[PDB]
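Some notes on the structure that comes next.
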Amino acid sequence: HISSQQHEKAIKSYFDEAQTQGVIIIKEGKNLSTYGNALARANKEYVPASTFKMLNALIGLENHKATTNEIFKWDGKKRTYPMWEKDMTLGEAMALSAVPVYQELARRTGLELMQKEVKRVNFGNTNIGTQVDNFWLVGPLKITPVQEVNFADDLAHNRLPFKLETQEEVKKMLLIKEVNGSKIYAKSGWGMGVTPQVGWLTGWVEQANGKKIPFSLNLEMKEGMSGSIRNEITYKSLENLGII
Ligand SMILES: *[B]([O])([O])[C][N]S(=O)(=O)[C]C1=[C][C]=[C]C(C([O])=O)=[C]1
């Protein structure tokens, strides 16, 4: 067995080498562990960015604003990324992190119902303000990494206050990787309309044996960083800890 000094040093080095600052929080049962090169980030608020898609989708499905097979049609207007210029389900929009689709869903839900559901879930600071289509991108909604891993822990275990079927539909949308009989469920986030920019990967490992290990990586993205650094640092960290 590797010392935890070694674990903490190895995981800190993954952040150091990506030349960023960040934290990965791992929950094992009820025990939270904080790793990385900027531990104090663990209890600081950031916009949830596209991590909010998880709750956005729970809210919309529970409230019959969409079904899992409905196709959100591209309206033909130029999008920020050409990959978004196509027709997609909530599932496909989740994988592509297609903001316009999740904005449409937010608009269907409406400000009033959205506010009620976010308070009911008590997600982050629970504050959505007045614009139903961008509160998760630029504020006022904010959340700590500890809160994000706890949200992930809830979803993984079907503990959120939504039907089981709602939760299962959403979890099916989040499978991003399989590694030696482990499945990684997670949602990326990248908040580019805040400064500094925040990057997220929040989810859980479902191990071969049934155990679900939640995690939230939170870091600072800067210009010319690749998105996949969030993934790379996560996988390296989970492997270093023998979680995958
Ligand atoms: B959300 O935070 O992922 C949306 N962020 S974005 O629209 O500013 C840029 C973007 C596009 C596609 C994928 C990502 C990502 O986070 O994986 C981000």
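Residue numbers start at 1 in each chain; chains themselves are named A, B, ... in the order of the structure tokens; ligands are numbered from 1 in the order shown.
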
I'd like a table as CSV: residues in chain A with an atom no more than 6 Å from ligand 1, each row giving the shortest atom pair and its distance in Å to one decimal, only C-alpha atoms and all ligand atoms counted, sorted by chain and rising residue number.
residue,atom,partner,partner_atom_place_in_ligand_line,distance
A:49,CA,ligand 1,2 (O),4.0
A:50,CA,ligand 1,1 (B),3.4
A:96,CA,ligand 1,13 (C),5.9
A:97,CA,ligand 1,13 (C),4.9
A:99,CA,ligand 1,7 (O),5.9
A:188,CA,ligand 1,16 (O),4.7
A:189,CA,ligand 1,2 (O),3.6
A:190,CA,ligand 1,2 (O),3.5
A:191,CA,ligand 1,2 (O),4.8
A:192,CA,ligand 1,8 (O),4.9

Any chance you can output those residues with C-alpha atoms as a PDB file, in the first residue's frame?
ATOM      1  CA  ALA A  49     -22.004  26.042 -15.308  1.00  0.00           C
ATOM      2  CA  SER A  50     -23.123  23.002 -17.339  1.00  0.00           C
ATOM      3  CA  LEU A  96     -22.445  17.608 -26.181  1.00  0.00           C
ATOM      4  CA  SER A  97     -23.189  20.059 -23.326  1.00  0.00           C
ATOM      5  CA  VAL A  99     -26.593  25.005 -23.924  1.00  0.00           C
ATOM      6  CA  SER A 188     -18.574  18.412 -17.275  1.00  0.00           C
ATOM      7  CA  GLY A 189     -18.897  22.141 -16.672  1.00  0.00           C
ATOM      8  CA  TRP A 190     -16.984  25.093 -18.100  1.00  0.00           C
ATOM      9  CA  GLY A 191     -18.162  28.562 -17.063  1.00  0.00           C
ATOM     10  CA  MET A 192     -16.688  30.895 -19.674  1.00  0.00           C
TER      11      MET A 192
END

Every residue of range 9-244 of chain A that DSSP places in strand (DSSP E or B), as number ranges by chain: A: 22-28, 31-36, 46, 72, 88, 143, 175-179, 182-191, 197-206, 212-221

The selected residues should be written to file as a compact mmCIF listing (two decimals), in the first residue's frame (atoms: C-alpha atoms).
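New file result_24.txt:
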# COMPACT_ATOMS: atom_id res chain seq x y z
CA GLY A 22 -8.08 22.94 -8.37
CA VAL A 23 -9.58 20.34 -6.05
CA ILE A 24 -11.08 16.86 -6.48
CA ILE A 25 -13.46 15.83 -3.65
CA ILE A 26 -14.10 12.08 -3.28
CA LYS A 27 -16.91 10.68 -1.14
CA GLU A 28 -16.56 7.14 0.26
CA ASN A 31 -16.31 10.24 4.36
CA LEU A 32 -15.30 13.23 2.16
CA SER A 33 -11.63 13.48 1.10
CA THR A 34 -10.15 16.60 -0.53
CA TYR A 35 -7.19 16.33 -2.93
CA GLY A 36 -5.37 18.55 -5.42
CA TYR A 46 -18.61 29.01 -8.17
CA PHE A 72 -35.11 19.27 -29.85
CA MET A 88 -30.96 16.17 -30.44
CA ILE A 143 -22.37 26.04 -5.47
CA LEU A 175 -22.34 7.63 -18.78
CA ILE A 176 -19.05 8.97 -20.14
CA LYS A 177 -16.60 6.14 -19.60
CA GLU A 178 -16.07 2.46 -18.78
CA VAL A 179 -12.73 1.28 -17.39
CA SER A 182 -16.03 0.38 -13.62
CA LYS A 183 -18.53 2.85 -15.09
CA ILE A 184 -17.98 6.62 -14.76
CA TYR A 185 -21.12 8.79 -14.68
CA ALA A 186 -20.39 12.50 -14.72
CA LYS A 187 -21.21 15.88 -16.21
CA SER A 188 -18.57 18.41 -17.27
CA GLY A 189 -18.90 22.14 -16.67
CA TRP A 190 -16.98 25.09 -18.10
CA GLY A 191 -18.16 28.56 -17.06
CA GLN A 197 -13.30 30.65 -15.64
CA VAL A 198 -14.41 27.60 -13.66
CA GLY A 199 -14.11 24.00 -14.85
CA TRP A 200 -16.02 21.06 -13.34
CA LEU A 201 -16.34 17.34 -13.63
CA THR A 202 -19.00 16.02 -11.24
CA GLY A 203 -20.28 12.46 -10.98
CA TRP A 204 -19.53 9.01 -9.52
CA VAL A 205 -17.79 5.74 -10.26
CA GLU A 206 -20.03 2.71 -10.23
CA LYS A 212 -20.88 4.08 -6.07
CA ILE A 213 -18.01 6.52 -5.37
CA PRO A 214 -19.01 10.21 -5.96
CA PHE A 215 -16.47 12.88 -6.98
CA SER A 216 -16.37 16.53 -7.95
CA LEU A 217 -13.37 18.07 -9.67
CA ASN A 218 -13.26 21.85 -9.67
CA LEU A 219 -10.47 23.85 -11.25
CA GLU A 220 -9.57 27.13 -12.95
CA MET A 221 -9.78 27.01 -16.76

Nearby residues (only C-alpha atoms) at most 10 Å from range 102-104 of chain A, same-chain spacing under 6 positions excluded, as JSON, numbers by chain: {"A": [50, 52, 53, 54, 56, 57, 60, 65, 72, 90, 93, 94, 110, 132, 133, 134]}

Can you tell me, as a tab-separated table (two decimals) with N, CA, C and O atoms, in the first residue's frame, what residues are no more than 8 Å from range 73-77 of chain A when counting only C-alpha atoms, ignoring any on the same chain fewer than 5 positions away?
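For reference, result-v6.tsv as written:
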chain	number	residue	atom	x	y	z
A	84	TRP	N	-23.23	21.84	-32.30
A	84	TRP	CA	-24.56	22.07	-31.76
A	84	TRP	C	-25.61	22.27	-32.86
A	84	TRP	O	-26.80	22.29	-32.58
A	85	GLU	N	-25.17	22.38	-34.13
A	85	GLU	CA	-26.13	22.69	-35.20
A	85	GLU	C	-26.79	21.42	-35.72
A	85	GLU	O	-26.68	21.07	-36.89
A	86	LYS	N	-27.53	20.74	-34.84
A	86	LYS	CA	-28.20	19.51	-35.21
A	86	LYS	C	-29.34	19.30	-34.23
A	86	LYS	O	-29.46	20.03	-33.25
A	87	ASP	N	-30.17	18.31	-34.52
A	87	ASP	CA	-31.36	17.97	-33.75
A	87	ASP	C	-30.95	16.93	-32.69
A	87	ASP	O	-30.18	16.00	-32.96
A	88	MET	N	-31.41	17.12	-31.45
A	88	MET	CA	-30.96	16.17	-30.44
A	88	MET	C	-31.97	15.99	-29.31
A	88	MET	O	-32.83	16.85	-29.09

Minimum-distance residue to residue 153 in chain A, chosen among A:30, A:11, A:139, A:126 (using only C-alpha atoms): A:30

Distance of CA of residue 228 in chain A from CA of residue 7 in chain A, expressed in Å to one decimal place: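 Separation of CA of residue 7 in chain A and CA of residue 228 in chain A: 21.9 Å.
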
Nearest to residue 145 in chain A by atom-to-atom distance, counting only C-alpha atoms, from A:47, A:10, A:18, A:113: A:47

Who sits within 9 Å of residue 14 in chain A, only C-alpha atoms, same chain under 5 positions skipped, as a ChimeraX atom specification: /A:9,19,36-37,232-233,236-237

Pick from A:71, A:243, A:55, A:128, whichever lies nearest to residue 162 in chain A using only C-alpha atoms: A:55

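Proximity to residue 120 in chain A was assessed for A:3, A:43, A:59, A:91 counting only C-alpha atoms; the smallest distance is recorded for A:59.
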
Length of the CA of residue 16 in chain A to CA of residue 138 in chain A vector [Å]: 27.0 Å
